[PDB]
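See below for the structure under consideration.
Since every read-out is calculated from the coordinates, none of them should be taken as a lab result. Please note: Cβ atoms are built from the backbone with ideal geometry, for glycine as well, and neighbour counts cover all protein chains shown.
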Amino acid sequence: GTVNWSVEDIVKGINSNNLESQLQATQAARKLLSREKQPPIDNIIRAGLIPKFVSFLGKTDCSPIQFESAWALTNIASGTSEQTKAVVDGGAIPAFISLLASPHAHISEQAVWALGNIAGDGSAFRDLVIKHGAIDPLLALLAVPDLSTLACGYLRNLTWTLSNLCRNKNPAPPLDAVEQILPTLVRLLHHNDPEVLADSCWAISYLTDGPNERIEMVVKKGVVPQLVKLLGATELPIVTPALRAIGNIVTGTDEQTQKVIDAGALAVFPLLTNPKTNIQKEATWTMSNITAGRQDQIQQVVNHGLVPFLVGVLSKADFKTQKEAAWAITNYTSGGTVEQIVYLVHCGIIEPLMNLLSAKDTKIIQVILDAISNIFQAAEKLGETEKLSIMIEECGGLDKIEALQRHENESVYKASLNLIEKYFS
Amino acid sequence: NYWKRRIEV
């Protein structure tokens, strides 16, 4: 019936002044735009059809044509920025926001989806959707005692659209927008649908990606324990944004980092052996921002047995993960006590550390040499530089620190030098 | 997180 029309035929029927004729052409349009292979987005734009689709959104007494046009505009806006811009320039934003009030759940769902595709283009379209007043009627759709009485697919669409309103920096979303969305967002973060949880953690991870005062708005709402719970999900599409959000919060103040520790987060990090390389990476990254904190927080790292896990990740891991581990160690050795640094050496940090001095990356080597000297400072404070110096010797670390005098980078070669003449003379 | 999404129903 409406299967593969030409864009010429669609134009003829939409330009008829026959609402039923237009309904059929609009659906032929939607079917074109929703095929797997190369939907003709540009052909439809160039045919001039976008303003007619937007106008069809208003046709209250023909909800089928509202539905078809909304579907069609959704898919045009799912494309390139210029394609999405074509939909906005057609006046679709006030029109989709009106549709949020539809009595038909499949219409409003399609309205939700398109606003998501528009807000996803970036900060300006995001902010522009908010300025047109999308938030109030979006949250209204979720004003029910129990989310569980809403349709599954309907719920996941809203959550996704709500994360895109939380997304992108330069600038971050309006603060009042964030405060208006955050409570409902906390409610989705406790819903039991795996896809809703994933999309909510993404949103929370965006909101915590920025200045400490952004992080503070999230921590203030008490979401951290539930982030820690989701940090231990079996479902890796959940673990991934939960970890990113946790990693974001610990870049804040020590008090904010302390609330991650207080919620039990360190118990899940034995993350550091996850089969998925990026989880291992982001977990080590988080660990380096926790060893950068206070001595009592370093001590909490020690007490959870996490130091043997950093030795492990230093010994064998993807090299990007190892580079974070070297950062974690240098931070630990910068802020830790003598006892804590001594503990590090007893756990076997020395050998895996020396072997990465063979790396090409210049920052990892200056980070590693940094760590060594903090560790030699501790050995002096104990009258014990000698024994450590021999450990570095026996496993062939001296060879490395020697050869690092040849290094082109200036901070490198003066670093190794200082080490050899101060403790290897 | 997907940035935009095309519907295929």
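A few notes on this one:
- Size of charge dipole - chain A - debye, nearest 20, with Cβ of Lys, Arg +1 and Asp, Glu -1, no other charges: 800
- With only Cα atoms counted, segment A:316-398 has Rg and Dmax values of 12.0, 36 Å.
- Order by protection proxy (mean Cβ within 10 Å, highest first), peptides A:32-43, A:281-292: A:281-292, A:32-43
- A:69, A:425, A:163 arranged by Cβ crowding within 10 Å, fewest neighbours leading: A:425, A:163, A:69
- For segment A:43-173: rounded, prolate or oblate by the Cα gyration tensor [a/c cutoff 1.5]: oblate
- Eigenvalues of the alpha-carbon gyration tensor of segment A:1-93, scaled by 5 and square-rooted, set the equivalent ellipsoid semi-axes at 18, 16, 11 angstrom, largest first.
- Counting Cβ atoms of other protein chains within 10 Å of each residue's Cβ and taking the mean over peptide A:108-114 gives 1.
- Taking other C-beta atoms within 10 Å as the exposure proxy, A:213, A:109 rank A:213, A:109 from fewest upward.
- Shape of segment A:372-420, Cα gyration tensor, a/c cut at 1.5: oblate
- Chain A - Rg over Rh from alpha carbon coordinates, Kirkwood radius: 1.14
- Which of A:152, A:166 has the fewest Cβ neighbours within 10 Å, and the rest in rising order: A:152, A:166
- Among A:66, A:182, A:250 - extreme Cα towards positive end, dipole of chain A, charges at beta-carbon: A:66
- Order by protection proxy (mean Cβ within 10 Å, highest first), peptides A:19-28, A:111-120: A:111-120, A:19-28
- Flagged links, alpha-carbon separation over 22 Å, of A:363/A:414; A:131/A:221; A:276/A:316: A:131/A:221
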